[PDB]
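Two forms, one protein chain; C-alpha cells for each follow separately as structure 1 and structure 2.
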Structure 1
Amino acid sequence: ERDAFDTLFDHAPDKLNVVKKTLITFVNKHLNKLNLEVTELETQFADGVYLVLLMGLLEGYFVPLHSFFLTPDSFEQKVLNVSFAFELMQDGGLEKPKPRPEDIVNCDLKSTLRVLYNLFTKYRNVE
C-alpha cells in the first residue's frame, strides 16, 4: 500500500516544502479565479468546500447547490463535502482516492497531499 508520500515523510522530509508549494500554486491557479486563496494545505481543504469548488473549476461542471454544504457547521457536513468532491473526481474519470473522506477532514497531511497531487497529475495543463 506504500507510496511516494510515505517515502517522502520517512526519508526525504526536506523535500516536503517544494511539494507543498507546487501543489499550492496549482490550487491557487484555479481558486484565484473565484477570488479565493490557499495559504496552508494542512487545514484549508479539511471542510471539503475548496475541493468541491476546485473540481467545478477543473471539469467545468454545473455543480448542484444542494449536493454539498458551502458553510459546513459540523464534522458530518464536512464529511459529506469531501465525499462529494471524491464523487466528482471519479465522475471526471479519476480512480477512487486512497484516503477516507474523514482523513481529509481530520487534516491528515499525507492524505491531503495524495488527493491534491492526483489532481495535479491530471489537470496541470488546464488553463
Structure 2
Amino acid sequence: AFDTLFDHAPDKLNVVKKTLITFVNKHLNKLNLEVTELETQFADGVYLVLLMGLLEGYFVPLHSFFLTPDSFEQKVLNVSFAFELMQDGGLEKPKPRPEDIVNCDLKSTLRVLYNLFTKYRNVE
C-alpha cells in the first residue's frame, strides 16, 4: 500500500511530504524546532521521541534517552525507544528496523511519519 505510493505516485508522494512537514512542525514548533528536511532530520531518534511526547501527552525525562546522541549506537537506541513509545500508544511494531531510520532510508522514514500522521491527525 505505502510502497505503491512511494514507488509509483510522485505527484501524490510530494503532497504527503509537504503535509508531513506541516504535521511535524505543528508539534515540534512548540519546542522552537523546525523540520525543513524529512530525509535526515529524524535519523538520530531525538525528534521521534519528542514528537511521541507531543502526540501522546507526556514529557520524556532527559535521562531516559540521548538528547544529543554521540554515536550510531545512541541513535539506534533513541529510534528503538521511539518505536517502543509508538507501541505503547497502540501502534503495531513499525516495519523498519531502527537502523533503517538512522541510515536515512527515505521510504522507512516516511512510512513511520505517515503512520504517525494518520493515527494522530486531530491532535492539536
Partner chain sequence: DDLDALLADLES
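We call the rigid core whatever largest set of C-alpha positions still superposes within 1.5 Å between the two forms. Residue positions are counted from 1 along structure 1's sequence.
Structure number, where the criterion is the form solved without its partner chain: Form solved without its partner chain: structure 2.
Threshold 2 Å Cα movement between the two structures for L65, core superposed: Yes: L65 shifts by at least 2 Å between the two structures.
CA of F9, rigid core aligned, shift of 2 Å or more between the two structures: Yes, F9 moves 2 Å or more.
Core-aligned Cα shift of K20 between the two structures, given in Å: That residue's C-alpha is offset by 1.1 Å.
Angstrom displacement of the CA atom of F45 between the two structures, core fixed: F45 is displaced by 0.2 Å at its C-alpha.
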